[PDB]
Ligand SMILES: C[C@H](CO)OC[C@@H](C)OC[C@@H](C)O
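Shown below, as structure tokens, is a lone chain in the form deposited without the named molecule; questions about how it binds or moves come after it.
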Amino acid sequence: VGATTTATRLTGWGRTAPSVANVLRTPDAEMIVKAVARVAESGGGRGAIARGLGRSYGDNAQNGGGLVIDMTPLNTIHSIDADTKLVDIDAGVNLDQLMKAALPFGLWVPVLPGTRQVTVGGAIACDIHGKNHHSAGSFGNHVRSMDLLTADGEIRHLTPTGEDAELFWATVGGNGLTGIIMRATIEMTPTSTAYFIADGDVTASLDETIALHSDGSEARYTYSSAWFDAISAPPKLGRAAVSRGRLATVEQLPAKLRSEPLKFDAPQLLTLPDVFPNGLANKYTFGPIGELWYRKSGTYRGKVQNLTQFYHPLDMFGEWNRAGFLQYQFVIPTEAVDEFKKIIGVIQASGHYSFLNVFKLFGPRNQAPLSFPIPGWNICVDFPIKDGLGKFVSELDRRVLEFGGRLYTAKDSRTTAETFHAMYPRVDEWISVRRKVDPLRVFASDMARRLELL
């Protein structure tokens, strides 16, 4: 329970670009206020940045030669209310913790990323998105208030629509550069079960994948995402396994599950690598029977699924996934469909092979100037680090930029300031807010300096 300050070598989830910071770790809020006051009174040096669970791949949660404040000990859930749907929680609370605590109230975390190991602070600061972006927006859309420790040492109560709305919306997606989010109130989504009813589809090509997302069917599902093929030559290029669904109601559950509709079942002992150590391939896998088999297994209607089944389907693959990788995620505006296809073609012909590829059509954006999601074609790819990759991804940056798209700060450790600023045309507007709230650069990070956000 005691406060500690420790020189620590930090990296994001990508394990790249390490830098040494003094890491403060304390469950005492007043100690965090005092540390920020100390940096502020210092009138120099390299400032401070908050750090959550370190799930961002890049360098936004580290500060070489400065202070890093580990927020994970501030993890109190203050209250949950089923009538108002509000949760009041410290910024260090993580989404898995929150999901579990809130389920007995018939409340659902309104935006969940592909991993549950992210803090509320990290969720706000990266304005995270999920499988339901097109129906629910991003994390920032659901924050009703937050308490922000600013450079002047004061704790400001921010609301999306109040007098401090400008600062609220600069903090959403602000990558911790407006101050330290101490605490927040989130509006949860009501639910009668912890289950999904899901429809699966399998497409044969990129053209089919795009048509499926463009035919109006997306409006029938609150949740929608896809795995796609980024390695095969066209026309197989861009074929996808698509998973779409909505939260189930109690009466849609089979009789055996209806007695505990809000139950989160425990992740089981055995994963697929444990049961099939020699892999899943047989003599049929890559020919026409394999094709039919995968088509059939991935095509279904009204299937009842728990959270892991529906939302974390890679979990069953255990140690096989991510077997020195560069995570690259971008969105291209909806209208730019040919441009989007062109970029997918570029990736396939590049000689860089990504096996893990998520595809999603984002919905409307929010008013946060630095928010990543815009309506359009969102893709994540995972490239093994090898010769030529750095220069190739710089070419990808140019294409993404030229086609009106952007990269996501939570995934980036290598784009340039020039590129990033052009991708985010409201960056100057955001920088102006940051300069008002932090004239002395009390808040600073490796990303802030790299991307000239400092």
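Here, rigid core means the biggest group of C-alpha atoms that superpose within 1.5 Å across both forms. One rule holds for the numbers: they count along the sequence shown, beginning at 1.
Participant: Checking the other compared PDB entries, only those that cover the residues flanking it, does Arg322 lack coordinates in at least one third?
Facilitator: Across the other compared entries, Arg322 is absent from at least a third.
Participant: Is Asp152 one of the residues left unmodelled in a third or more of the other entries compared?
Facilitator: Residue status for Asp152: no gap in any other entry.
Participant: Going by the record, give me the number of deposited-sequence residues missing between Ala323 and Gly324 as none, 1 to 3, 4 to 9, or 10 or more.
Facilitator: Missing in between: 4 to 9 residues.
Participant: If you average the CA temperature factors over each stretch, which comes out higher, 191 to 199 or 361 to 369?
Facilitator: Stretch with the higher mean C-alpha B-factor: 191 to 199.
Participant: Where do the C-alpha atoms have the higher mean temperature factor in this entry, in 272 to 280 or in 93 to 101?
Facilitator: Per the PDB record, 272 to 280.
Participant: Which has the highest CA B-factor per the PDB entry: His129, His142, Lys263, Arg244?
Facilitator: Among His129, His142, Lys263, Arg244, the highest C-alpha B-factor in the entry belongs to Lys263.
Participant: Going by the deposited entry, which of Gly179, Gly106, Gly173, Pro254 has the highest CA temperature factor?
Facilitator: Reading the PDB entry, the winner on C-alpha B-factor is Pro254.
Participant: Can you tell me whether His133 has a C-alpha B-factor in the lowest, middle or highest third compared with the other modelled residues of the same chain?
Facilitator: Its C-alpha B-factor belongs to the lowest third of this chain's values.
Participant: Is the Cα B-factor recorded for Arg51 in the lowest, middle or highest third of its chain?
Facilitator: CA B-factor rank for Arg51: middle third.
Participant: Where does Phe340 sit by CA temperature factor within its chain: lowest, middle or highest third?
Facilitator: It falls in the middle third of the chain.
Participant: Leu451's Cα B-factor: lowest, middle or highest third of the chain?
Facilitator: Lowest third.
Participant: Would you mind ranking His213 by its C-alpha B-factor against the rest of the chain and naming the third, lowest, middle or highest?
Facilitator: Ranked within chain, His213 CA B lands in the middle tercile.
Below: the form deposited with the named molecule bound, not depicted.
Participant: Place the named molecule on the shown form using its pose in the entry with it bound and a superposition of the nearby C-alphas, then give a one-word verdict, open or blocked, with blocked set at 3+ atoms within 2.4 Å of backbone or C-beta.
Facilitator: With the named molecule superposed from its pose in the entry with it bound, the site reads as open.
Participant: Is there a heavy atom of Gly388 lying 4.5 Å or less from a heavy atom of the named molecule in the entry with it bound?
Facilitator: Outside the cut-off, so no.
Participant: Is the gap between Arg365 and the named molecule in the entry with it bound 4.5 Å or less for some heavy atom pair?
Facilitator: Yes, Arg365 lies within 4.5 Å of the named molecule in the entry with it bound.
Participant: Going by a heavy atom distance of 4.5 Å, is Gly153 a contact of the named molecule in the entry with it bound?
Facilitator: Although the named molecule is absent here, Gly153 would stay clear of it in the entry with it bound, with no heavy atoms inside 4.5 Å.
Participant: Against the named molecule in the entry with it bound, would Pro425 count as a contact residue? Criterion: heavy atoms within 4.5 Å.
Facilitator: Answer yes; at least one heavy atom of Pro425 falls within 4.5 Å of the named molecule in the entry with it bound.
Participant: Out of 100 to 108, 369 to 377, 250 to 258, 207 to 215, where are the residues with a heavy atom within 4.5 Å of the named molecule in the entry with it bound?
Facilitator: Only one stretch qualifies here: 369 to 377.
Participant: Listed by sequence position, which residues of 148 to 182 have a non-hydrogen atom within 4.5 angstroms of the named molecule in the entry with it bound?
Facilitator: Sequence-ordered list is empty.
Participant: Just one of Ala349, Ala219, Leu292, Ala211 has a C-alpha that shifts by 2 Å or more between the shown form and the other one on a rigid core fit; which is it?
Facilitator: It is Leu292.
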